[PDB]
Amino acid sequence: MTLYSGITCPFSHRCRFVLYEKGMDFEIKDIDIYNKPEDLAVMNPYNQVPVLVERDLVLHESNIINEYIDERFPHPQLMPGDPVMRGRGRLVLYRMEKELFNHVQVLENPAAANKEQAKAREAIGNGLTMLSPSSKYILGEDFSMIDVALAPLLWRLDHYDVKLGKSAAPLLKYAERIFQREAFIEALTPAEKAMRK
């Protein structure tokens, strides 16, 4: 199992986090997004990282790669068993993609306008502030893939110059609990370690 990963890419960071939580054998191949190999576009028509390859299986889209990993290496389970909680969690993932990570892509785009990036930074702070009230982990008292998907953004709040309301103290205490997890620390690249303490 091989992950093609960008060393500062938050979407690759999600997949690295899952891989270290499962603890199985895998290889990471670093891709410089400023100098992509031609085979990246053969694996992924969007020409982005992350990509996962295992034998004849090729996946892109970080949350889809992570679903696969969770099913492929069952234990420890990164999702609840209950179809109700799984559905609620999948919807939380979808809304984070559409309402938070769309802005993350703008901040990650070297070609985006300063004005666009300012709007994105603002929207992320506002979104996270509103989410802060809504348990130990996002779905309840158990760590899940939903926490995994959000963690690279919370790691990057200083990097992105995102400012949260004082009401968001609970979200920041939560983020510190995620960042203390052994696999979270293992998953950080040296470049991501440079983003905060």
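For every residue, the number given is its place in the sequence shown, counted from 1.
Check: Relative to the deposited sequence, how many residues with no modelled coordinates occur between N35 and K36 (none, 1 to 3, 4 to 9, 10 or more)?
Finding: None; the chain is continuous from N35 to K36.
Next item on the list: On mean C-alpha B-factor from the PDB entry, just flag whether 184-192 or 21-29 is the higher one.
Entry: Looking at the record's C-alpha B-factors, the answer is 21-29.
Check: According to the deposited model, is the average Cα temperature factor higher in 78-86 or in 100-108?
Finding: 78-86 has the higher mean C-alpha B-factor.
Notebook entry, point to check: Between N63, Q48, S134, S144, where does the Cα B-factor run highest in the record?
Noted result: When the deposited C-alpha B-factors of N63, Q48, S134, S144 are compared, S134 is largest.
Item checked: Identity of residue with top Cα B-factor, from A168, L40, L52, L154 -> Comparing C-alpha B-factors across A168, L40, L52, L154, the top value belongs to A168.
Next item on the list: State the tercile, meaning the lowest, middle or highest third, of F179 with respect to the CA B-factors recorded for its chain.
Entry: CA B-factor rank for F179: middle third.
Item checked: Ranked C-alpha temperature factor of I124 among modelled chain residues, by third -> For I124, the deposited C-alpha B-factor lands in the middle third.
Margin query: How does the C-alpha B factor of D158 compare with the rest of the chain: lowest, middle or highest third?
Written below: As the PDB entry reports it, the C-alpha B-factor of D158 lands in the middle third of its chain.
Notebook entry, point to check: Among the modelled residues of its chain, does the C-alpha B-factor of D56 lie in the lowest, middle or highest third?
Noted result: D56: CA B-factor falls in the highest third of its chain.
Item checked: Record-listed C-alpha B factor of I69: chain third -> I69: CA B-factor falls in the middle third of its chain.
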